[PDB]
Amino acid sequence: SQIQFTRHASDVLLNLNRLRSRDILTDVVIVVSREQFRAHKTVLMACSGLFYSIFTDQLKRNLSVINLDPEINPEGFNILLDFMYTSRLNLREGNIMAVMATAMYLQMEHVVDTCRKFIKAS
């Protein structure tokens, strides 16, 4: 009973990543050792179980700075952060493990599973 716009969701995600590229309405900085990454809490909740659980919590929802455990690999987080904003996963042999272990910490179950299927295909 309703017309489906099959590329609207990808169009929207492209525009959210535009806004993040320009720092418009970003509302948190993620400290990953020496790196910082600004983002929209909503987009992070929408992609990670770690961030969903942190920010649904009234006690932590209005945080503007999140410090990840300094054991997180910054490249792995950047590749996953970009995945969140583009729906594209840069998996190389060269960083599969770092990405997997970072996607587990971030409670990104489907991405972790894709990494398991990635291993097999090696």
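In case it trips you up, residue 1 is the first one in the sequence shown, and so on.
Of 38 to 46 and 69 to 77, which one has the bigger average CA B-factor? Per the deposited B-factors, the answer is 69 to 77.
Looking at the entry, does 108 to 116 or 7 to 15 show the higher mean C-alpha B-factor? So the stretch with the higher mean C-alpha B-factor is 108 to 116.
Lowest, middle or highest third of the chain for the C-alpha temperature factor of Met100? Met100: CA B-factor falls in the highest third of its chain.
Ranking the modelled residues of this chain by C-alpha B-factor as given in the entry, is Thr56 in the lowest, middle or highest third? Its C-alpha B-factor belongs to the middle third of this chain's values.
Report the third (lowest, middle or highest) to which the CA temperature factor of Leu91 belongs, ranking only the modelled residues of the same chain. Highest third.
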